[PDB]
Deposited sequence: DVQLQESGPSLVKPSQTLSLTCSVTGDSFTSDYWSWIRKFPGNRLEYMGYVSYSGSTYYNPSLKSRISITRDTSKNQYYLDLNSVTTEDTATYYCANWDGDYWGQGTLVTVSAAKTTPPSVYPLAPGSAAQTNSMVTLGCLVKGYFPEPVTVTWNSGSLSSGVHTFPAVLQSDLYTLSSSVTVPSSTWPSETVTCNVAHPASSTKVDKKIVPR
């Protein structure tokens, strides 16, 4: 089947170029047209442009000559280059084919001057169910991922969306388990920050 996947950086400094790649499976590449769309915060979709095999492109005027969409037909890939980015180009970026049948996964690109700071991870401790949590404080950029007991507690988890305050992010996750199961068995959250290659486990204890 036809499948697409975005790649390229997730953090870009203001004034640099944002360079993304979309890789396509199958034999459709040279027979179709290929697009880039982005979602801003507030569910605002913008159609950035598309390229045909003819070599011709159409770009959104709102992008003011900053955008280039190009093909490499020998490798079934296409590219997005967006010059001179600002914080305003922070968005989730999708590749897709022209009729909308097939889409990539989206990739969140952040545009910011802020440094890559790892997360401080702290435990949250105090009729049958009890709540516990992890506070993930002081990181940049997004995302962080949180699991409990390496995925083995899937249900009754709320992992809240992060908030930015003075160029650092903070997030919390709750987990609700049976009161006979804790402290008896161990409860332990797992926080990864792929930008700082940091991996920390905090076990919850009274």
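Missing from the model, relative to the deposited sequence, are the stretches 127-132, 213.
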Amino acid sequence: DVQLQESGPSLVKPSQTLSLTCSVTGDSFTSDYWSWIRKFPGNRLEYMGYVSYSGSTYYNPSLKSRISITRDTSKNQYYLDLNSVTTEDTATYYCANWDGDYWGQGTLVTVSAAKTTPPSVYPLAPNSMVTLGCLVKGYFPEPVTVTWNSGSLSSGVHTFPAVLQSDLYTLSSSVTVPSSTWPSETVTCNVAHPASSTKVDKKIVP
From here on, numbers count along this sequence of modelled residues.
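The stretch with the higher mean CA B factor, choosing between 99-107 and 112-120, is 112-120. In this entry, 163-171 has the higher mean Cα B-factor, the comparison being between 163-171 and 34-42. For the set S179, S54, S62, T70, the maximum C-alpha B-factor listed in the entry falls on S179. In the deposited entry, the Cα temperature factor of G138 sits in the top third of values across the chain's modelled residues.
When the modelled residues of the chain are ordered by their C-alpha B factor, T188 lands in the highest third. For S197, the recorded CA B-factor ranks within the highest third of the chain. Only modelled residues enter the ranking. Among the modelled residues of the chain, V130 sits in the highest third by CA temperature factor in this PDB entry.
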